[PDB]
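Both ligands and their constituent atoms are indexed starting at 1 by order of listing. Counting begins at 1 with the first residue of the sequence. The figures here come from the full heavy-atom set of this structure, side chains too, leaving out hydrogens, waters and symmetry mates.
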Amino acid sequence: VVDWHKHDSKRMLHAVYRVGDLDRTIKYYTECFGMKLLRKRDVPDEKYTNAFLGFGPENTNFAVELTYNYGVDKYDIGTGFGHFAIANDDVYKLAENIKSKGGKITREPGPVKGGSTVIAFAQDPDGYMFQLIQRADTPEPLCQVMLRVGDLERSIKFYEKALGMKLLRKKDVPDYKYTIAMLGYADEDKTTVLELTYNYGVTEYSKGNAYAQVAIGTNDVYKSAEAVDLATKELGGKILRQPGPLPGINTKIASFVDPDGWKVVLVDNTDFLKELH
Ligand SMILES: N[C@@H](CCC(=O)N[C@@H](CS)C(=O)NCC(=O)O)C(=O)O
Ligand SMILES: [Co+2]
């Protein structure tokens, strides 16, 4: 009866991570990457400011949630965090826009080494990598969060059983000693996937203190947390916050780490809508 996965309607909501200079990142994402600034919220009582950016409204699209901590101008990215990706129908056009705007292209546009898909890489002001992926027409340009993991097979099993993700793609690249998987809730080219990368013989990475978590919406945080609890008893990872409403707000969430220590927050799909204004 973990056929709850089949009855839920989960959705990748946003990646949350920290930035040294909020205005600098906003300007880089709007001007270099063509994102929209969706919402900005200042929180003096707790000493931070958030900004939310993406390619459509947060009720239908995935977003980045940026956290600026007062008087903190840098973070450790760590070695485990891979990249965010942006799909675009002309990666040459986009890369040259980024260069024009004074952005950093670290990997010029061209087919992936060993494959055919045209990709490029940009580096943002804090050091976060953005892959650019040539793709004809997606409803979701902000289309990957890539994380490194120590055991690809353990992680695939974990995301399937804990989160109801489908394994969309698994690809071994022995010439370059890595293997990838993409997991998510719809066809890869229509959605935001989680891309997990294993490098041969590498079992550990630093989580840093820059990337915080990914948030995933669910029709019921209690049912979905039960599935997480079962998966963690078998496969590794740990519940952080048990399912329930947050103090005062009544917004229902649960949170956990995966077998490698990456954090995921489950948020009630309807409660999530309560801040999107
Ligand atoms: N060691 C790499 C392995 C993954 C990898 O190389 N992925 C491809 C895309 S699937 C890439 O970045 N290739 C570099 C290129 O084509 O220049 C990592 O951990 O990031
Ligand atoms: Co990627």
Visitor: Can you tell me if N269 uses its side chain to pair, donor with acceptor, with the backbone of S9 under 3.5 Å?
Guide: yes
Visitor: Under the criterion side-chain hydrogen bond (donor to acceptor under 3.5 Å, both in side chains), which of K101, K93, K99 is the partner of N97?
Guide: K101
Visitor: Do me a favour and list the nearest non-hydrogen protein atom to atom 13 (N) of ligand 1 with residue, atom name and distance?
Guide: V112 CG2, 4.3 Å
Visitor: Cluster question for you: counting only ILVMFWY and a side-chain heavy-atom cut-off of under 4.5 Å, with indirect links fine, are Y205 and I180 together?
Guide: no
Visitor: Is it possible for you to say whether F84 and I216 belong to one hydrophobic cluster, with membership spreading through side-chain heavy-atom contacts below 4.5 Å?
Guide: yes
Visitor: If you measure only the distance, is there a donor-acceptor pair under 3.5 Å linking the side chains of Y200 and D172?
Guide: yes
Visitor: To the nearest 0.1 Å, how far is atom 20 (O) of ligand 1 from its closest protein heavy atom, and which atom is that?
Guide: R148 NH2, 2.8 Å
Visitor: Give the residue, atom name and distance (to 0.1 Å) of the protein heavy atom nearest atom 17 (O) of ligand 1.
Guide: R107 NE, 2.8 Å
Visitor: For atom 11 (C) of ligand 1, find the nearest protein heavy atom and state the residue, atom name and distance (0.1 Å precision).
Guide: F121 CE1, 4.4 Å
Visitor: Would one find an N or O of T197, backbone or side chain, under 3.5 Å from an N or O of ligand 1?
Guide: no
Visitor: Only heavy atoms of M146, strictly under 4.0 Å: list the atoms of ligand 1 that pass.
Guide: 20 (O)
Visitor: How large, to 10°, is the angle at the Co ion (ligand 2) when you draw lines to NE2 on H83 and to OE1 on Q144?
Guide: 90°
Visitor: Could you give me the CA-CA distance, side-chain angles and deciding distance for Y48 and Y68, then say whether ring-ring contact (aromatic ring centres under 6.0 Å, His included) is met?
Guide: CA-CA 6 Å; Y48 70 92; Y68 164 80; 9.8 Å; no
Visitor: Among all the protein's non-hydrogen atoms, which is closest to atom 6 (O) of ligand 1, and how far away is it?
Guide: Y178 CE2, 3.4 Å
Visitor: Are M182 and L132 connected in a single hydrophobic cluster, I mean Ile/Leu/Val/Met/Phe/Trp/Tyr linked by side-chain heavy atoms less than 4.5 Å apart?
Guide: no
Visitor: What residue and atom, counting heavy atoms only, is the protein's closest point to atom 2 (C) of ligand 1, and at what distance?
Guide: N199 OD1, 3.7 Å
Visitor: For the rings on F130 and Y29, is their centre-to-centre separation under 6.0 Å?
Guide: yes
Visitor: Would you say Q131 and ligand 1 have an N/O pair spaced under 3.5 Å apart?
Guide: no
Visitor: Which angle, to the nearest 10 degrees, do you find at the Co ion (ligand 2) between OE1 in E195 and OE1 in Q131?
Guide: 170°
